[PDB]
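Novice: Please work out how this folds:
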Amino acid sequence: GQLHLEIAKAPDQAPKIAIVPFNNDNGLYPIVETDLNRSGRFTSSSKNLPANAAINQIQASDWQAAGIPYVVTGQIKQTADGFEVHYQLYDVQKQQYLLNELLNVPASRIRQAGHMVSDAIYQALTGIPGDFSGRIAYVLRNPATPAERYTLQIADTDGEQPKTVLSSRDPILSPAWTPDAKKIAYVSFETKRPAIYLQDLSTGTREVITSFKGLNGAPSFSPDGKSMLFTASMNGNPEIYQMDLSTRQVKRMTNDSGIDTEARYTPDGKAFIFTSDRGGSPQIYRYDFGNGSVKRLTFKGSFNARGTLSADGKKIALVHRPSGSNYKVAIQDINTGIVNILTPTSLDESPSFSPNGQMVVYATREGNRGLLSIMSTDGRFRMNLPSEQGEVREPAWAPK
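Specialist: Numbers count the residues shown, from 1 in each chain. The structure is reproduced below:
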């Protein structure tokens, strides 16, 4: 675990979830209790318990007395492959089970099993798919390690189980997830000329998507899996290009505005958003594939840039700078245009929505540490992913 997990701002008040230590536990329930405490919507505990419950044995009179609305029980039984977990979620007020599930775990796949159990608990309580399962890509930058100055890594949502995709003495920029999260793309300078690579995460193998003199990078993949957007400045100023994956057909679309830009597809495949200085200030515009029109989306402030789309397609995470203060991570509703400032940030860098749209990851700096921060979109939960050394940049939450 290169990125270690911190909770910075717990939700002020949230329902509590009691989790009874599973009999013959494998180390599973502490992971579940930790996930529930980083859900941004609940808190959980397993130590100072007011009662004693188990599988198919719970009495709600004592859990109400302690003001506990939700209780989780479990049973672990070893199998030939690995172990089984039989877990339940009990609603105390309704006096009924919200979950009664068995999950087969194949041997040393314990952290993924706890995230699955926690994902089911979260969905049973909020109706929103949990995001404790899933991966986040990031680039570790350490000039105090010239051999691995840049390292592209993929880790779990808590930073555990990191997987190094590529390390190099040269810049590695802008990791972008393929629609089904089976492949990852990135801009590499391991050879002097920048090149967008496409790396199969199953077999390992990579391939050069494009590579020339004016390539800026910032890749983004079409929801249909057929096209890719990227930034490149053949001469002078960066511009947005769309590639067709089948024939490597490149042809340009929009911005020759004098600032660096990045294009991000809308999840419906109808359009993409991008940053533009064509109005005299960096704003987020929307290019419609249908008629080729460009429309401004952000109107508040003198600086709106580095926008990304929520999977549902109704929210935009962006970098917002009121001319008085510095960079802020902001959320704008697409339907209504209401801009929600989430938090200050130290880096003019793109945020990334979680698949459920309830979380957002971004790169910032606190103290002398370059770290990743995960915040709930409503602004009450902060989660920190600091590095032991160097800085963490350009996160990309894997989609679902």
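Novice: Tell me which stretches of the stretch 151-300 of the chain form strands.
Specialist: 163-168, 172-177, 183-188, 195-200, 206-211, 215-221, 227-232, 239-244, 249-252, 263-265, 271-276, 283-288, 294-296 (DSSP state E, counting those that start in this stretch).
Novice: Reformat these as TSV; add distance to residue 311.
Specialist: C-beta: built from backbone N, CA, C; applies to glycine. Putting the strands of the stretch 151-300 of the chain into TSV (distance: least, CB to CB, whole Å) gives the following:
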stretch	distance to residue 311
strand 163-168	23
strand 172-177	11
strand 183-188	17
strand 195-200	21
strand 206-211	23
strand 215-221	14
strand 227-232	17
strand 239-244	21
strand 249-252	27
strand 263-265	12
strand 271-276	14
strand 283-288	17
strand 294-296	22
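Novice: List the neighbouring strands of the helix or strand hosting residue 384 plus their orientation.
Specialist: Element membership of residue 384 [criterion: DSSP states H and E] is strand 382-386. Using DSSP bridges, the strands paired with strand 382-386 are strand 6-9 (antiparallel), strand 369-376 (antiparallel).
Novice: Okay, domains of this protein per the record?
Specialist: 1-133, 134-400 (curated CATH domains).
Novice: With mean neighbour count as extra columns, can I get these in CSV?
Specialist: What follows is the domains of the chain, written out as CSV (neighbours: other CB atoms under 10 Å):
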stretch, mean neighbour count
domain 1-133, 17
domain 134-400, 18
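Novice: on that earlier part again, would you reformat the strands paired with strand 382-386 as CSV and include distance to residue 298?
Specialist: CSV is the format used below for the strands paired with strand 382-386 (distance: least, CB to CB, whole Å):
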stretch, distance to residue 298
strand 6-9, 26
strand 369-376, 19
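Novice: Residue 141: which of those strands is closest?
Specialist: Judged by CB to CB, the one of the strands paired with strand 382-386 that comes nearest to residue 141 is strand 369-376, at 7.4 Å.
Novice: Distance from that closest one to the middle of the chain?
Specialist: The chain centre lies 11 Å from the centre of strand 369-376; the measure is CA atoms, centre = their mean, to the nearest Å.
Novice: go on, stretch 173-184?
Specialist: The mean C-alpha position of stretch 173-184 is separated from the chain mean by 12 Å, CA atoms, centre = their mean.
Novice: before we move on, what about stretch 270-279?
Specialist: Worked out by CA atoms, centre = their mean, stretch 270-279 lies 22 Å from the chain centre.
Novice: now stretch 386-396
Specialist: Centre-to-centre, stretch 386-396 and its host chain are 14 Å apart (CA atoms, centre = their mean).
Novice: and what of stretch 186-206?
Specialist: 21 Å.
Novice: and if you look at stretch 25-38?
Specialist: 20 Å.
Novice: residues touching the closest residue to residue 160 other than its chain neighbours, list them.
Specialist: Nearest residue to residue 160, sequence neighbours excluded (CB to CB, 6 or more residues apart in numbering): residue 1, at 5.0 Å. Contacts for residue 1 (CB atoms under 8 Å, 6 or more residues apart in numbering) come out as 155, 159, 160, 161, 162.
Novice: May I see those arranged in a markdown table, with distance to residue 272 as well?
Specialist: Below are the contacts of residue 1 laid out as a markdown table (distance: CB to CB, whole Å):
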| residue | distance to residue 272 |
| --- | --- |
| 155 | 28 |
| 159 | 30 |
| 160 | 33 |
| 161 | 32 |
| 162 | 30 |
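Novice: quick check, nearest of those to residue 117?
Specialist: Closest approach between those and residue 117, by CB to CB: residue 160, at 15.6 Å.
Novice: element containing residue 121?
Specialist: Using DSSP H and E, residue 121 falls in helix 110-126.
Novice: What helices and strands are in contact with that helix?
Specialist: Applying 3 or more CB pairs under 8 Å, 6 or more residues apart in numbering; DSSP states H and E, one finds that helix 110-126 contacts helix 29-37, strand 70-78, strand 83-91, strand 96-105.
Novice: so which of these comes closest to residue 380?
Specialist: Ranking these by proximity to residue 380 (CB to CB) places helix 29-37 first, at 13.7 Å.
Novice: and that closest one with helix 110-126, angle?
Specialist: 40 degrees (axes from the mean of the first three to the mean of the last three CA atoms, to 10 degrees).
Novice: what's helix 29-37 packed up against?
Specialist: strand 16-19, strand 43-45, strand 70-78, helix 110-126.
Novice: Now distance to residue 201 too, for those, in a markdown table please.
Specialist: A markdown table is the format used below for the helices and strands packed on helix 29-37 (distance: least, CB to CB, whole Å):
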| stretch | distance to residue 201 |
| --- | --- |
| strand 16-19 | 32 |
| strand 43-45 | 32 |
| strand 70-78 | 30 |
| helix 110-126 | 15 |
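Novice: closest one to residue 198 among those?
Specialist: Across the helices and strands packed on helix 29-37, residue 198 has its closest neighbour in helix 110-126 (25.4 Å, CB to CB).
Novice: just checking, next helix/strand downstream of that closest one?
Specialist: Taking DSSP H and E, what comes next after helix 110-126 is strand 135-141.
Novice: who's in contact with residue 83?
Specialist: 26, 76, 77, 105.
Novice: ok, the residue lying closest to the third one once chain neighbours are set aside - contacts?
Specialist: The one in question is residue 77. Using CB to CB, 6+ apart and skipping residues adjacent in sequence, the residue nearest residue 77 is residue 84, 4.8 Å away. Contact partners of residue 84, counting by CB under 8 Å, 6+ apart, are 76, 77, 78, 102, 103, 104, 105.
Novice: From residue 78, how far off is residue 84?
Specialist: According to CB to CB, to the nearest Å, residue 84 stands 8 Å off from residue 78.
Novice: next one: residue 383
Specialist: For residue 383, the distance to residue 78 (CB to CB) stands at 33 Å.
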